[PDB]
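Chemist: What follows is a single structure, and I will ask about it in a moment.
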Amino acid sequence: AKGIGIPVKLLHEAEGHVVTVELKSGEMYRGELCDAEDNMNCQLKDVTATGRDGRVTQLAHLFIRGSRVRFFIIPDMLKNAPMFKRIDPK
Amino acid sequence: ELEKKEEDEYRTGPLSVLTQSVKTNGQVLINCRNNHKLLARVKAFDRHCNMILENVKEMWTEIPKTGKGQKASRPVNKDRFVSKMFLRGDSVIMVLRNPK
Amino acid sequence: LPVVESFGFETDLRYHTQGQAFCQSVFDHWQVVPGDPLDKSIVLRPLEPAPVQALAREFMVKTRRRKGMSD
Amino acid sequence: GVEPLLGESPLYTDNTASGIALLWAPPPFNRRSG
Amino acid sequence: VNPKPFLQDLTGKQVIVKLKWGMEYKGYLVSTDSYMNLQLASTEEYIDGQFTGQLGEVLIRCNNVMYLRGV
Amino acid sequence: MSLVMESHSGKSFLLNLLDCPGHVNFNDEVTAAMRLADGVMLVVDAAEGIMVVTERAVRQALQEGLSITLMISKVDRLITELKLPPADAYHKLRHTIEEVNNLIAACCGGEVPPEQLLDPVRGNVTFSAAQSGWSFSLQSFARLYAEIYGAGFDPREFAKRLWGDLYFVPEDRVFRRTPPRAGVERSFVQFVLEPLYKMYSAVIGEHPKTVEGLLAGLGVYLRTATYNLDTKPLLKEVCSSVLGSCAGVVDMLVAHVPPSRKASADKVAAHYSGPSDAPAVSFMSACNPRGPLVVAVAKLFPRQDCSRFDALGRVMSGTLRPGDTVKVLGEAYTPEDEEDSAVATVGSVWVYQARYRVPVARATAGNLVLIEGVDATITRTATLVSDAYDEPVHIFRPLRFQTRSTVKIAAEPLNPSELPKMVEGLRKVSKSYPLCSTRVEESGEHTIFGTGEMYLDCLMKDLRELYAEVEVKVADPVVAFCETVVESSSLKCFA
Amino acid sequence: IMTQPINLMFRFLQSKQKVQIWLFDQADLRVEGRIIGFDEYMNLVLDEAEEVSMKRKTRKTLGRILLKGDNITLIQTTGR
Amino acid sequence: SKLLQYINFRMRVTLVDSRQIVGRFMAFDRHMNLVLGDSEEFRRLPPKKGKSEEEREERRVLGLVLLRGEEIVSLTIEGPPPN
Amino acid sequence: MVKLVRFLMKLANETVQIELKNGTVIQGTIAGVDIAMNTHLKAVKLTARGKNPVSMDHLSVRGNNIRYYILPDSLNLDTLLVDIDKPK
Amino acid sequence: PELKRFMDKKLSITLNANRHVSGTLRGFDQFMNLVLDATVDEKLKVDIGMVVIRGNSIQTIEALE
């Protein structure tokens, strides 16, 4: 909406896909994001937890606080978002 | 109207010690977020506790790394001077006016 | 209004109303054709419509005559 | 203080009826321009 | 007791502001801002609870505060 | 047509809307689209309320287990033709959604299933004046209020309150179940409709400088070359400004319509007739794009030559590609007798955008699409299953219309020298008209079976020009007579 | 009963049961006390407060404190 | 911003924990959020004497990444826009 | 509108130094500072904690991880100090 | 917020300095304060009753179901 920057609407249109979440603590979280917040709080499902020691754990759902999160890994499929193409020089 | 209540928030509020320090040019020693202590005089400030500092000498205690197995070194007092500097208020832990 | 009797009905309904009305028709159900459909007691008119009492008769009659059957 | 989106404008005006009449007017009078 | 009543009733009282890092400053609560950074008058210092020196009147930022007590 | 539309979240959803005929005698088209899509948008026009085809498609909608969503269209006829005040407009809109909900109740059992009941507060009903270029839901309206007035609440709890017998008290900026004063209107009329009426008559009775000031009051700023257009164009532009992107539609259906992951499951469970213990029904029930491709080709569309028909159907299982081999399982297909199915190729698969076609290299499971090279064996509908599947295979049940081809006509080509293409025309007519029925008698003439006036009218038109080009004499129309009993025979008949 | 959190805080104040509050990144130090006041910034005016260092299990009496919300981790009831 | 001059231009990022991220620029938010195409993590392992600092910084390939400004400390250019 | 970022955004084309939150040192020219205190520098050299200096044609630094600025000794402060009370 | 989809469900809530409290949700705020029923400290093996956790005192939450 008016006021909102592009990459969070990127995050929103990433909905319904399987992505990865790195938080500032260093562990990795792979799962299907259900929906996310303006404040980057997000809910994934089918959760793979990769702990700081390589620990692999199975979590049904995850709600991740955004200001806890470092970055997101998102399919380049979705890097075809209309913002990406529209801004593009060609 | 925001500016006048801002002014009296500076004036009767706790940061007024620094406001005093602006007008009396008194020396203030500030405790930083990483414990490097900066003695200087405030030129101006904001609501962020960010500062324009003059005659700034920051001093700290550096403990150099020993070779593995040998005694922890003696901590060394190091100070560095700059004439004028900006200070960001998130680095500020403490401000101390000098009693003069 | 029976579907037989729907022939040109939307038109004439608009025509004697100058068109302020508009009607719709959907198939709704079946019900029984009045008269006696096998009847012979009424010998009927070509080119003229039969009354209520002779419909079921001549209706299956002309049905057969078209479909290739005797009366 | 969200109040009403348009609470400072009259719901109806004397000319409003005329505008409606213009809307339901034969071709030349439909339009404002031409 | 809302914290603003507590702060303004503690005004001028002997009060301790212990910090999140463990430092505790005990002194006179001169005044407080809208943002709960504190004026302290004739302030005493303690780290590891043992007294280390007096700083006189000092200003502490809100984000440096752990909690504060009336003496 | 599937359009990539925007949500309030900015997440673009791909919405497959299938624009249908609404004239009664074309209900055939309807069922196709309705067995295609798992959701339906019923556009009831604010002015005239409920009519025949609306609730008949509503029964179609509940029978096929669909997500039914109300779109009150043509709201401007409340303002401009009928001139009903904002309060009586609330009454009329409320009464129209109430009429839909009660004629839902009738066939759903006299009670309203709680996931099916349409009222705007949960965001199912959306208002529309498509012509004047605007539409909304209370969600979109509450959010709009939040945006123009500053980020001063959660639009959600606002839309929670704007509908009903809720009356805003200026006393304390809260909504009540009770009229705080004598004469105050509801929350809908005031907070929605009063602004709408003001918007409409600030356009339809007032100086374009008054419009430019009425909206320069608001954030929206036009181009001073939009305050020249006539009353309808200026009306559309002004409302589309302060009623913006239609988020009521996306943020309505993409909420109250499941995606393909869940839609295909019940779709086949109520729609597949073959054994659901087989892997194929489970490959559908996950809408797994990698499994044996099962497509439900329920419509076919003629082309620019009128020679062959592209096949519109839903790839609900697996991933198709242009250049496949498939067994297309026809109508009368039998697991014991595989007479009625043909092996065929796929030429090219598209996505259809109602004026043109986009070539799509792969057809995902859950995607309704256009297939090339299959029409030779399709009359009304079929299933698509790859030859790459060695499992027993069955079909999606044929369309069970609401309507019957109750009317019959005779057809005799003026020139018998062209009765082949005539029937080929008839044959190709049996290509595009689901309710078309061609029947040959002991009389030998081809009788054709349609709903009524317009359906047979346009089928006769397309027979005349689209497929055959042979002009044919049609006798007086006549309908089908059933044969019933009055009371039982008095003797037992033997043969 | 799906009750609001602020109503649980009303519970904590008026019931004046003694609670323990965890602090930010403070797994070593807890603060017990009886809640006698709070704001929407949820700085907690506490009675009879004593700070627990669990590793040696030493409890330091602080009395009536005003705890900064910015250090608040968890509001748990010190019930049996 | 002048980092509009910097979309499509390949860039390197430092995190607060001093981990390195190299990717190309797609979109930027006011909160210093960034969109990195073709991103890979270079994490500095401790320098074990006898080897170059340049030849064993652990590269992981992250793919397309988006960066929250709160832990974003420093950004530099890495190269031209790739072709 | 604070006084000091009001002062800092006029540091355009200032050849100054910067200390980071973790102890990195940066000497370079301020091409821009914005309302978030984020600075883009030109003609830069950045020297990490215990690290060799590396020069940068251009550099970006977040306003929040900035420890502080070292301003020129040649600074007409009282030039840039006027107008800070002026709202535009 | 999506915490609404969690109403009255047993949860595992991780907090600052590596702490886990597991309790059936009771309610939340815009500041993401959380009130829990029958919460258990997974470190010391203690069921700590009904609790409120602070917003920035919530690293993550998992749903065991």
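In order, the protein sequences belong to chains F, S, G, R, V, B, C, E, H and A.
Each number in the entry's author numbering corresponds to the 1-based position in the first sequence with 4 added.
Each number in the entry's author numbering corresponds to the 1-based position in the second sequence with 10 added.
Each number in the entry's author numbering corresponds to the 1-based position in the third sequence with 891 added.
Each number in the entry's author numbering corresponds to the 1-based position in the fourth sequence with 446 added.
Each number in the entry's author numbering corresponds to the 1-based position in the fifth sequence with 6 added.
Each number in the entry's author numbering corresponds to the 1-based position in the sixth sequence with 198 added.
Each number in the entry's author numbering corresponds to the 1-based position in the seventh sequence with 7 added.
Each number in the entry's author numbering corresponds to the 1-based position in the eighth sequence with 6 added.
Numbering follows the entry's author numbering, in which position 51 of the ninth sequence is assigned residue number 51; successive positions increment by one, without gaps.
Each number in the entry's author numbering corresponds to the 1-based position in the tenth sequence with 6 added.
A virtual CB, placed ideally from N, CA and C, is assigned to each residue, including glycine.
#1: Here's the rule I'm using: 16 or more other beta-carbon atoms within 10 Å means buried, otherwise exposed. How should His920 of chain G be labelled?
#2: Can you list, in chain order, the residues of the segment 597 to 620 of chain B whose Cβ is nearer than 7 Å to any Cβ on chain J?
#3: Checking the sheet assignment: what are the DSSP bridge partners for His592 of chain B?
#4: Going by Cα to Cα distance, which pick from S:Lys75, S:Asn44, S:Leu28 is closest to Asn70 of chain V?
#5: Counting only beta-carbon separations shorter than 8 Å, does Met38 of chain E have a partner in chain F?
#6: Which class does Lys94 of chain F belong to by DSSP, given the choice of helix, strand or coil?
#7: Is there at least one non-hydrogen atom of the ligand SAM closer than 7 Å to the beta-carbon of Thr85 of chain C?
#8: Any idea which residues DSSP pairs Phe499 of chain B with across the strands?
#9: Quick test of the definition: if touching needs 3 or more C-beta pairs under 8 Å, does the segment 40 to 58 of chain A touch the segment 25 to 43 of chain F?
#10: I'd like the span of the alpha helix (DSSP H) that includes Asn65 of chain S, first residue to last.
#11: Less than 8 Å between CB atoms is the rule here; does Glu71 of chain A satisfy it with respect to chain F?
#12: Can you check whether the C-beta of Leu44 of chain V is within less than 8 Å of a C-beta belonging to chain S?
#13: For the segment 910 to 924 of chain G, which residues have a CB atom closer than 8 Å to at least one CB atom of chain B, in sequence order?
#14: Do the segment 441 to 449 of chain B and the segment 570 to 577 of chain B make contact, defined as three or more Cβ pairs closer than 8 Å?
#15: I want to verify the contact list: residues of chain S whose CB lies under 7 Å from the CB of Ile70 of chain H, in sequence order.
#16: Between the alpha carbons of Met104 of chain S and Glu19 of chain S, how many angstroms are there, rounded?
#17: Mind reading off the beta-carbon distance from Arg374 of chain B to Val367 of chain B? Whole number of angstroms is fine, and I expect it under 8 Å.
#18: State the DSSP-derived secondary structure class of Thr575 of chain B, mapped to helix, strand or coil.
#19: Using only alpha-carbon positions, find the residue among B:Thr604, B:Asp535, B:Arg384 that is nearest to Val222 of chain B.
#20: Can you name the residues that DSSP bridges to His40 of chain H?
#21: Using beta-carbon positions only, say whether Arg107 of chain S and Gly36 of chain S come within less than 8 Å of one another.
#22: Please state the DSSP three-state secondary structure of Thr422 of chain B.
#23: Taking the Cβ atom as the reference point for each residue, do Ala400 of chain B and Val409 of chain B lie within a distance shorter than 8 Å?
#24: Kindly list the residues whose CB is nearer than 8 Å to the CB of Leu416 of chain B, restricted to its own chain and excluding five residues on each side of it in sequence; keep chain order.
#25: Taking 8 Å as the CB-CB limit, is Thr229 of chain B close to chain G?
#26: If you run the structure through DSSP and keep just helix, strand and coil, what is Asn62 of chain A?
#27: Buried or exposed: where does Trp332 of chain B fall if 16 or more other Cβ atoms within 10 Å of its Cβ makes it buried?
#28: Are the CB atoms of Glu39 of chain C and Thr85 of chain C nearer to each other than 8 Å?
#29: Take every Cβ of the segment 907 to 920 of chain G, pair it with every Cβ of the segment 935 to 945 of chain G, and state whether three or more of those distances are shorter than 8 Å.
#30: Which partner residues of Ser271 of chain B appear in the DSSP bridge assignment?
#31: Taking 8 Å as the threshold (beta carbon to beta carbon), is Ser60 of chain H in contact with chain E?
#32: Is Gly18 of chain V close to chain C, meaning its C-beta is less than 8 Å from at least one C-beta of that chain?
#33: Find the nearest neighbour of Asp464 of chain B within the set B:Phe224, B:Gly237, B:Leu216, judged by alpha-carbon distance.
#34: Looking at residue 5 of chain V: is its Cβ nearer than 8 Å to the Cβ of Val21 of chain V?
#35: Between which two residues does the beta strand (DSSP E) carrying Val36 of chain V extend?
#36: Taking 8 Å as the cut-off, decide whether the C-beta atoms of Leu40 of chain E and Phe76 of chain F are in contact.
Modeler: Let's see:
#1: exposed
#2: Reference to chain J is not applicable here, since the protein chains of this structure are F, S, G, R, V, B, C, E, H and A.
#3: Answer by DSSP bridge pairing: none, since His592 of chain B is not bridged.
#4: S:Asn44
#5: no
#6: coil
#7: Summarising the ligand content, the structure contains no ligands, and the ligand SAM is consequently not present.
#8: B:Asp508
#9: no
#10: It is not in any alpha helix (DSSP H) - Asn65 of chain S instead sits in the beta strand (DSSP E) that spans 61 to 72.
#11: yes
#12: yes
#13: Result list: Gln915, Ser916, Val917, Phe918, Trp921, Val923, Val924.
#14: no
#15: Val92, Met95
#16: 19 Å
#17: Correct: roughly 6 Å between the Cβ atoms.
#18: helix
#19: Closest by alpha carbon: B:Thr604.
#20: H:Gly32, H:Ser60
#21: With contacts defined as CB atoms closer than 8 Å, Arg107 of chain S and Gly36 of chain S qualify as a contacting pair.
#22: coil
#23: yes
#24: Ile346, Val440
#25: no
#26: coil
#27: With 16 or more Cβ atoms within 10 Å of its Cβ, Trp332 of chain B is classed as buried.
#28: Their beta carbons are under 8 Å apart, which means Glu39 of chain C touches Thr85 of chain C by this criterion.
#29: Result no; under three Cβ-Cβ pairs closer than 8 Å.
#30: B:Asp243, per the DSSP bridge assignment.
#31: yes
#32: no
#33: B:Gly237
#34: This structure cannot speak to residue 5 of chain V, because chain V is shown only from 7 to 77.
#35: Run containing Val36 of chain V: 30 to 38, per the beta strand (DSSP E) assignment.
#36: No, Cβ-Cβ distance for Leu40 of chain E and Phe76 of chain F is not below 8 Å.
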